[PDB]
Every structure is written in structure tokens, then in C-alpha cells.
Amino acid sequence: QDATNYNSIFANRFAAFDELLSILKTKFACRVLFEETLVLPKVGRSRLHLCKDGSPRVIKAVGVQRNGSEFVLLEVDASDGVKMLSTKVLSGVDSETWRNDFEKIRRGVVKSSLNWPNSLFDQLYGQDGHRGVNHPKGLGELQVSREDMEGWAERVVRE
């Protein structure tokens, strides 16, 4: 299982996501502890660990710190038109166990045909430790207004 951080060469696949972060740092006073983009693994006879063009599908994790609070954002590569509809917010994550936890999560995502393994999420951070934030309506199909881009951040911080 490849664990190399290919953050910069997959940066183009998270234009919307990377903009959300910028809004959090300026309008919501957030700090980014780390940014890592990892490859999704093949699990069994899985298909969606790849993109339509045969390239690996990736998942980006961003560690954030806001007013003492610390949480992790999970966003899955949707560049080839298969859309995730939500972003995963993880709270109460230990830096000494993240590398291993993430590996388990990636397997879980692919095993559920590109779906959040909510059960696994319960096991790790409890029912109140993880939540899903819906994407701006029609993301990837249209441009999102600056207010809606801020509203996206609002929904994230709301948690």
C-alpha cells in the first residue's frame, strides 16, 4: 500500500477544496497543520480506486487548528465525474495514530464503492466524533459564488 504524499501533483484535482481552506484561514482564522494527498488502494475486484482514464483516484486529508480545536477534513477525488456529495469532518484525532487510521479508512472507502465507511468511523472516533458536510449544490458543474463558498466554510465550522 503506497503511502507517499503526492499532494502537489494532484493539487489540480482539488481546486474547489483548496479554495475552501483559503477561506477558513482568512475569514475564519484557521491554521493548517498538514496537507496530504494519498492514493486509494485496490480492494478485491474494486474499480473506483481508479479514475475513468486509468489514473489512480486519490483522497486528500487536511489537518486544521482553530481556536484550540483540531479536526481533520477528508475529501475524495471527484475529477472524472463520479461525485462524492459530502466532505468528512473528523474530530479528536491522534497524530500518533493517524497514519495507521487513514490506511484503514482508505480501504473502507474503496470497499464501499467510494463511500464513507461510517461504521468504521464510529469505531474510531465515536458517533459524535465524525460528521459529513454537504457540498455546494452543483459543485463541479458550475461556479460557486463567493458567498456560497463562504457558506461552505460556515457549514464546516458549524461542526
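We number the residues from 1 along the sequence you see.
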**Fill in**
Looking only at C-alpha temperature factors in the entry, 5-13 or 138-146, the higher average sits in 138-146
**Request:** Return whichever of 36-44 and 62-70 has the greater mean Cα B factor according to the PDB record.
**Result:** 62-70
**Prompt:** Checking the entry, which one of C30, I105, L114, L50 has the top C-alpha B factor?
**Reply:** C30
**Item:** Chain third (lowest, middle, highest) by recorded CA B-factor, residue given as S55
**Value:** lowest
**Prompt:** With respect to C-alpha B-factor, does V82 fall in the lowest, middle or highest third of the chain as deposited?
**Reply:** middle
**Prompt:** What third of the chain, by the recorded C-alpha B-factor, contains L124?
**Reply:** middle
**Request:** Sort the modelled residues of this chain by their C-alpha B factor and say whether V93 lands in the lowest, middle or highest third.
**Result:** highest
